[PDB]
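Asker: So the protein sequences, as listed, match chains A and A'. A prime marks a further copy of an entry chain.
Each residue of the first sequence is one higher than the one before, starting from 270 at the first, in the authors' numbering.
Each residue of the second sequence is one higher than the one before, starting from 666 at the first, in the authors' numbering.
Quick reminder that beta carbons are idealized off the backbone N, C-alpha and C, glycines included.
Sharing a structure, written as structure tokens. Questions coming.
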Amino acid sequence: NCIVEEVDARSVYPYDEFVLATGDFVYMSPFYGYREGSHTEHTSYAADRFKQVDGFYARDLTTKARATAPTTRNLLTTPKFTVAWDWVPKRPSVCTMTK
Amino acid sequence: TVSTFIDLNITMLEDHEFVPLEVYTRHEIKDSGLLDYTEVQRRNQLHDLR
Ligand SMILES: *[C@@H]1O[C@H](CO)[C@@H](O[C@@H]2O[C@H](CO)[C@@H](O)[C@H](O)[C@H]2NC(C)=O)[C@H](O)[C@H]1NC(C)=O
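If you want it as structure tokens, here you go:
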């Protein structure tokens, strides 16, 4: 049975790994990639498993409608699943304080 | 007019209201944990019916 499922993701400081709504720890910084020293970030995964897609276009599975704008994607294939998430810079995304 | 009196000025201490204040609410504390066990369970026990 093929299954495509959208989930939430939560990472705590130092953000070198995160979780998913199902409870699976992905051992890779949500900001690891190829652009602007993103290879500095942490991934305990073999570099072939991670692939970054510039100018990716996402098609909805139910709506069947390509939409939005180019979103640079990140894909990491674990021995049991493959996760896709939009790569965003680390500095404007997170913050150590709270107004 | 000259006066034989000595002045003294007393103004009452005005009212002041204390609004409720919390640094962290218990919902933020429940969200502090990286994995709420209950929500993970409820999501993962819907796989057959989903
Ligand atoms: C008697 O009460 C206070 C001093 O304790 C004075 O009232 C204030 O005076 C300031 C200037 O010093 C004004 O800006 C305020 O409007 C006044 N009222 C309050 C509630 O602060 C008052 O002047 C004193 N009486 C005399 C004759 O000086």
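Can you look up A':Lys695 in the DSSP assignment and give me helix, strand or coil?
Answerer: As a working mapping, residue 695 of chain A' is identified with position 30 in the second sequence. Helix.
Asker: Please report how far the alpha carbon of A':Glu679 lies from the alpha carbon of A:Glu286, in whole angstroms.
Answerer: In the second sequence, residue 679 of chain A' corresponds to position 14, counting from 1. In the first sequence, residue 286 of chain A corresponds to position 17, counting from 1. For A':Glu679 and A:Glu286, the distance between alpha carbons rounds to 55 Å.
Asker: Roughly how many angstroms separate the alpha carbons of A:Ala336 and A:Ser313, rounded to a whole number?
Answerer: Within the first sequence, numbered from 1, the residue matching residue 336 of chain A stands at position 67. Within the first sequence, numbered from 1, the residue matching residue 313 of chain A stands at position 44. Answer to the nearest angstrom: the Cα atoms are 33 Å apart.
Asker: Determine whether the beta carbon atoms of A:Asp355 and A:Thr331 lie at a separation below 7 Å.
Answerer: Numbered from 1 along the first sequence, position 86 holds the residue referred to as residue 355 of chain A. Numbered from 1 along the first sequence, position 62 holds the residue referred to as residue 331 of chain A. No. Outside cutoff.
Asker: Run through DSSP, which three-state label would A':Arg715 get?
Answerer: Taking the first residue of the second sequence as 1, we reach residue 715 of chain A' at position 50. In this structure, A':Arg715 counts as coil in the three-state DSSP scheme.
Asker: Rounded to whole angstroms, what's the CA-CA distance from A':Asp713 to A:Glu274? Just pull it up for me.
Answerer: Position 48 of the second sequence, counting from 1, holds the residue named residue 713 of chain A'. Position 5 of the first sequence, counting from 1, holds the residue named residue 274 of chain A. Using only the alpha carbons, I get a separation of about 14 Å.
Asker: Please list, in chain order, all residues with a C-beta atom less than 7 Å from at least one heavy atom of ligand 1.
Answerer: Matched residues: A':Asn674 and A':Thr676.
Asker: Name the DSSP beta bridge partners of A:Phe294, please?
Answerer: Residue 294 of chain A sits at position 25 when you count from the first residue of the first sequence. Answer by DSSP bridge pairing: none, since A:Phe294 is not bridged.
Asker: Between A:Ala290 and chain A', is there a C-beta pair that is closer than 7 Å?
Answerer: Mapped onto the first sequence, residue 290 of chain A falls at position 21. Taking Cβ atoms only, chain A' reaches closer than 7 Å to A:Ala290, which makes this a yes.
Asker: Just the Cα atoms here: how many angstroms apart are A':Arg691 and A:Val281?
Answerer: As a position in the second sequence, residue 691 of chain A' is number 26, starting the count at 1. As a position in the first sequence, residue 281 of chain A is number 12, starting the count at 1. Roughly 18 Å separates the two Cα atoms.
Asker: When the distance is taken between beta carbons, is A:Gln321 closer than 7 Å to A:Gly292?
Answerer: Sequence index remark: in the first sequence, residue 292 of chain A carries index 23 (1-based). Sequence index remark: in the first sequence, residue 321 of chain A carries index 52 (1-based). Their beta carbons are not under 7 Å apart, which means A:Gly292 does not touch A:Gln321 by this criterion.
Asker: At the 7 Å Cβ level, is A':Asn674 part of the contact set with chain A, yes or no?
Answerer: Locating residue 674 of chain A' in the second sequence gives position 9, where the first residue counts as 1. No, A':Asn674 lies away from the interface with chain A (no Cβ there is under 7 Å from its Cβ).
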